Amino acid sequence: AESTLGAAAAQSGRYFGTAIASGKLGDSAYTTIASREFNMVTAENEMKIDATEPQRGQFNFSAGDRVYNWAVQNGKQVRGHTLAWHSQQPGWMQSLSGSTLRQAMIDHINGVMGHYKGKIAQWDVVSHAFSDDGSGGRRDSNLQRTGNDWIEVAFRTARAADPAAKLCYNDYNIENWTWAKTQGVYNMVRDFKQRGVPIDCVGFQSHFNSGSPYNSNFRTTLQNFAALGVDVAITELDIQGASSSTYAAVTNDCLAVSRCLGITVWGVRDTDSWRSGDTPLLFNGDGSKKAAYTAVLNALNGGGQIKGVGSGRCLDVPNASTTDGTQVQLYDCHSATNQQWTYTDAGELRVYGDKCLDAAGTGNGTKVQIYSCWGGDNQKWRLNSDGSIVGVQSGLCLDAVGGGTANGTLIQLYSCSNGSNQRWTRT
């Protein structure tokens, strides 16, 4: 109830989910991670309009049901995505307009929700309905040109089709409270609640990058929407660079809002991401947990010198050398730059400013040394709550050779054993 993301989130009545791609369900490495870590699933594309209604009036749930069945059979709830929006519309719908388009939208909603009636926890009824031009208004689309009330109609339609599902409005770039787009959505939801329009949740995609960075005020945004009487959900979270601090910050924002139902990251491994170039998820392509994974898990579980517990001595660079390939050791702790390590958001343990704790391989006995920082996974580490420090690439623990405790004891990689020569404390 604390070793996996879903289980850790469940401790506070929340979920931690991911986007599942039906085309990857035959990949054992993929499903092993997905079934183990998440208790909520969103079909990445299988429940969209084009996927569910390829031809007007012709519904197809082959792909959607495969994802839905995999989710339920493996113990995960499901978020339906998405009933009505401008993107990925089938060819036939893109050419529709006015009343006929409005009716098509309604028929689609009834068809899809009817198929999954009572089996979906949340439905993204409408998505991407606002512009990014900075006006805070609706974006120009075929759906919007049929009447400004199309969104309201979609929700009223959805409520009737399946009263058991929570109905959400989902969008991106509505995380920062100071943005006009965020205000546009806020005003609409407030209007809906005041007039009784059936809406139960607001989904924040949370696709963060240096173009639209995460800001601490995201929590305020979540709290402001929660105050309107709707639940909130982080629906498609991914962070460019996967900063451990940022991932932990977003996790704590949801935990700080009683109405935040949970968090879904948009994909399992970076190689499965729609934005793989931004290495924005919690697992590497080879399936290894990233530093960000541990940061998130620690947050969900309610969680300078590096001193070894068994030895009482500090991780030290011999004679304050800055030479690449110098194996680190244990040494009496004292004020010195060669014992001052900085844990970065990328998961590095830096010394001297630009040298990185580096594993010279991946197996037991591998030498741990300092080497120029370059971003390799053999230079990334996960700081566990039990005091162990695990190498991302190797999955092995920082280990004081042979359990030595005296000055000069070298540091190596070794299968984690919870031994005192593998436990560290930082001050």
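In this text, residue numbers run from 1 along the sequence as written.
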**Study point:** Between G312 and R313 - deposited residues without coordinates, as a size class
**Key:** none
Revision key, fill the gap. Between 249-257 and 79-87, the record assigns the higher mean Cα B factor to 79-87
Review point. Quick one: higher average CA temperature factor, 318-326 or 213-221?
Key: 318-326
Check your understanding: In the PDB entry, which of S273, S141, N301, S288 has its C-alpha at the highest B-factor?
Key -> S141
**Study point:** Options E175, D278, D191, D171 - largest CA temperature factor per the record
**Key:** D191
Review point. Among the chain's modelled residues, which third holds the C-alpha B-factor of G23?
Key: middle
Review point. Against its chain's modelled residues, does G308's Cα B factor rank lowest, middle or highest third?
Key: middle
Exercise for review: Could you look up the Cα B-factor of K380 in the entry and say which third of the chain it sits in: lowest, middle or highest?
Suggested key: lowest
Revision key, fill the gap. By the entry's values, the third containing the CA B factor of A154 is the highest
Practice item. Place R36 in the lowest, middle or highest third of its chain's C-alpha B-factors, as listed in the PDB entry. Key: lowest
